[PDB]
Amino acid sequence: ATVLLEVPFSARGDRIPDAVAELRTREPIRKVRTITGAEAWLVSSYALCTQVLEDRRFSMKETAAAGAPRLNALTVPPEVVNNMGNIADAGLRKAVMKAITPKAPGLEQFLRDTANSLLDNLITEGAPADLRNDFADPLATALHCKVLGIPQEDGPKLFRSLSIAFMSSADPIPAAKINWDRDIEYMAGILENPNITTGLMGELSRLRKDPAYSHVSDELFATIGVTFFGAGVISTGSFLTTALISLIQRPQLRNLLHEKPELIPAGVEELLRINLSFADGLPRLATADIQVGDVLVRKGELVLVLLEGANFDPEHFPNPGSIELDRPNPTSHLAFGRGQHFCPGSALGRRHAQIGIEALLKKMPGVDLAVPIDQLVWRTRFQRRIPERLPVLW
């Protein structure tokens, strides 16, 4: 006898388990057990993943309901699971979305200058360099301090909450509440701080005092700061880290992108498609009985949308494990989700990665791992797959 198949399958972000393609072929919606002991439906084909993400009867916010089967423990107050919904309801969606585009004057120049300064410091110090802790993550943190309008010197302390905040735990995490409450207090002070006039926090600070927003709660304004910082920093630093591994392991591609940097955007789109940064499927709770493939999902059941299941599906992306810069459907991957909850930071995340890669390849065209790939240490029970350190030479 064997137990019910457990998720997640592997915390390694450098290879996809052969198991995923076997599941997709045999049982593209299959029962699994999560780390909490709950049962869930794991969806692993492009067609069924799209179906789930485009049907709002598979609800994000209802995953926070008391008593529901859970992927993992909440790390925020349950209303924050409906974060973008709350933003929309407050009339703040357009403003938030405008503040987080990479098109603000000087932002791309700031990103480039920051990337180049980080790389120059690594070059001065000498190999080996850690491209996660001393490049990708500080570039993410600096970008988000700029986007938010908060001091660069406050980035590191906000960043250090994230190794706990984005845990994927069976049980509530006491440190997550301590850091959440602290980071909320910080953002509440930022809204009252007259020096903060630019970026997302500067714009929220002004809307807070405008009559059209007089009944929006101060808790929501502070929450938007904490959540956008954390979500953006963890996602962009983690994606860039694991994309650099995929690039370094493909010297022919590295050389092509170094020689023809106009191909970087197509390259980043393929790196997005093959990315294994999300450690778990995206959770949804059924609010009705819904047919998904051969399974009738019942009301109140948990469904997990496996992004790599979709993005490595050969029926949608032929030769899925190969980076091909001339696919006819290049942006049709699910790396930023799909439907109601499609990532509002998608443009910023593309630009962060494009600029970080462009700068790396110009400064370190010989970049290579400085340890055998199997020696990377993959963070466990976390919402992202990331190596603890990424040692390189050049």
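Residue indices: 1-based, along the sequence shown.
Higher mean CA temperature factor, per the PDB entry, when comparing 350-358 with 22-30: 22-30. Of the two segments examined, 101-109 and 137-145, it is 101-109 that shows the higher average Cα temperature factor in the deposited entry. Sorting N275, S235, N179, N82 by the CA temperature factor given in the entry leaves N82 at the top. Each of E308, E185, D218, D171 has a CA temperature factor in the record; the biggest one is found at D218.
In the deposited entry, the Cα temperature factor of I35 sits in the bottom third of values across the chain's modelled residues. When the CA B factors of the chain's modelled residues are split into thirds, the value for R57 lands in the middle one. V295: CA B factor lies in the highest third for its chain, per the PDB record.
Per the deposited record, the Cα B-factor of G13 falls in the middle third when ranked against the other modelled residues of its chain. The deposited CA B-factor of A165 belongs to the lowest third of values across its chain.
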